[PDB]
Structures are given as structure tokens and as C-alpha cells.
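Given as C-alpha cells, the chain that follows is alone and in the form solved without this ligand.
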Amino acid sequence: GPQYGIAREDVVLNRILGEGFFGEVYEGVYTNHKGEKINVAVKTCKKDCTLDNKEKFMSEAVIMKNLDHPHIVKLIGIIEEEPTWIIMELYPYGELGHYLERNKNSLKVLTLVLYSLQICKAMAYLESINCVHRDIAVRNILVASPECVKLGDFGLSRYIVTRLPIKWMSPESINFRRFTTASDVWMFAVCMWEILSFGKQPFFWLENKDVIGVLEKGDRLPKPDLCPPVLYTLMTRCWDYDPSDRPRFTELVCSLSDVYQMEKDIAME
């Protein structure tokens, strides 16, 4: 049978991209069999790491390899042999938050609803296998093309004050470190708020320590200027203090699809 894995020689490291949880991340170029140049991010794991952290590094690779969803970031390959490389597709358009900020003056509300729906579909898939993501935010969404966004890597806290994203988190996550598909629904609605606000930071007017007090009073993020009122109602249902009262992602996909079709039609007239 033909060689399955990526050969290490087909991946050239060009520069440091940054420091990740398990080790350094490099920018590189992967050359496929057709000779095409594919820009990649190469995640590495420190050789000195505990075999537990080495296992978890591989576990995340295995999940990303198998998800294979149009709205989740693509894994290109795994080179298991040390030094272990996780080869991810690199997206030149970059993060969604910055993309929205630079394109604010040309972006239509239709497109913001589309991105929300695309991420919602990714989340419905994760919900179907009870897989909790914990980092659904515009800084962790990549723009594959103007037509397609992709949810990024799982939240680091699964691995396991840690600089938690307090301003995006459900009250049960903040208060009791509970992370469930329902706390993902809360976070997703914060992500929608970011999208429909062209990348504003949620609760930008508060310090992290102020956030839970505000939520307990029943205060919530305000309606973004260009947010369709129907979508704000959807967000408010996602921000129910009671996780059991929040919509499931399956329900949200139906709701968002309806809104998308409605906005497309309203737009013509």
C-alpha cells in the first residue's frame, strides 16, 4: 500500500508563528504530490513534556484530524515520529475579528448572519458527540474565504486565574468551572454578538472581575446596532442563567437558517 502520512521532507519550516500550549508553532509550506504549495502552521510538542501532555497533544490532533467539517479548521497531517509535527492549514485572511474590523464599511448584515450560521453548524456537529469546545470567539475563528469561516482549536483549559476568557463565559463556567454543550451555547451567542458588532470585545467597558456581578443582576450585552432584532432575541435565550433553558445548537441552526433566508429575501426588496 502507498505511504499514508505526510513525509517530513514535504514540509519546510520558514519562521516562528508563536508559542502554543504544548510548544512552539512554526509557519511552513507543505508540498503535496501534485506539487502544489500549501501554507501550513506546524504545531510541536516539547520533547521534555510529561508523557501526559504528550498524550493530550496527540489527542487534540486526533480530534482535529477526524472532525473533517467545512466550518472547523483543517488538519493536513500528523508526523508522529519525534519531533512530532501537527500540520494545520494556514488561512491567509486570518482571524475573523480582525477581518470584520477592516471590512466593516463594506460588509452586509447577510454575511454576518451567514458566518454565525456556519459556526453554528460546526457546533451542532460537536454537540451531537457531546464534545465541548470552550473557545467560540472571533479571535478563534479563521477566514478561509469571504464565503467560509472555520472554528479554531479547542479551548486550552481541557488539557487541563489561567487568563480565562471571563467576558465570553457562562455563569456556571465562571462560578463552578462547569463546561457543557449548554455553556458552549452561551459562548456561541457571545461570538454572535462579536460578529454582529464587527469584532467588538464583549463587556469592553468592564474589568473581568465586574462581569459575574453584572450577569447576576440580569444585565446582558446590548443589541448591536445592525443586529436583526430576531437574532438579539436568540442571543438573549442563549444567555439564560439556567443552562437547561438555553436552546440546543440543533435548534439554533434551524433558527439561524430561517433568519438567513429571511434576510436574503428582505434584501431584494
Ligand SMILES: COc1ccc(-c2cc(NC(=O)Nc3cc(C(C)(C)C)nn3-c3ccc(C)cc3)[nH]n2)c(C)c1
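Start at 1 and count along the sequence shown; that's the residue number. The term rigid core refers to the most C-alpha atoms you can superpose between the two forms while keeping them within 1.5 Å.
After superposing on the rigid core, the larger RMS C-alpha deviation in 8 other deposited structures of this protein belongs to 6-14, the other candidate being whichever of 252-260 and 6-14 remains. Greater C-alpha displacement in 8 other deposited structures of this protein (rigid core superposition, RMS over structures and residues), of 186-194 versus 169-177: 169-177.
Coverage remark for residue 159: absent from the model in at least one third of the other entries compared whose chains are built on both sides.
The segment from residue 129 to residue 130 is modelled without interruption, since every residue of the deposited sequence in that interval carries coordinates. For the pair 140-148 and 101-109, the mean Cα B-factor is higher in 101-109.
Higher mean CA temperature factor between 233-241 and 45-53: 45-53, per the PDB entry.
In the PDB entry, the Cα temperature factor peaks, among 58, 40, 64, 221, at 58. The PDB entry assigns its highest CA temperature factor, among 183, 116, 197, 157, to 157. Annotation for residue 85: CA B-factor lies in the highest third of the chain's modelled residues. Among the modelled residues of the chain, residue 35 sits in the highest third by CA temperature factor in this PDB entry.
Placement of the Cα temperature factor of residue 162 within the chain: highest third of the modelled residues, per the deposited record. Among the modelled residues of the chain, residue 22 sits in the highest third by CA temperature factor in this PDB entry. In the PDB entry, residue 78 places in the highest third of its chain by CA B-factor.
Heads up, the form deposited with this ligand bound isn't pictured, but that's what we're talking about next.
Three or more atoms of this ligand lie within 2.4 Å of backbone or C-beta atoms here once its pose in the deposited complex is superimposed on the site C-alphas of this chain, so the site counts as blocked. Remark: of stretches 197-205, 60-68, 219-227, 238-246, the one touching this ligand in the deposited complex is 60-68 (heavy atom within 4.5 Å). At the 4.5 Å threshold, heavy atoms of residue 124 stay clear of this ligand in the deposited complex, well away from it. In the deposited complex, no heavy atom of residue 172 sits within 4.5 Å of this ligand. Within 4.5 Å of some heavy atom of this ligand in the deposited complex lies at least one heavy atom of residue 142. For the chain shown alone, residue 253 is not a contact residue for this ligand in the deposited complex, no non-hydrogen atom being within 4.5 angstroms. The partner is absent here; in the deposited complex, the one residue of 73, 117, 79, 107 having a heavy atom within 4.5 Å of this ligand is 73.
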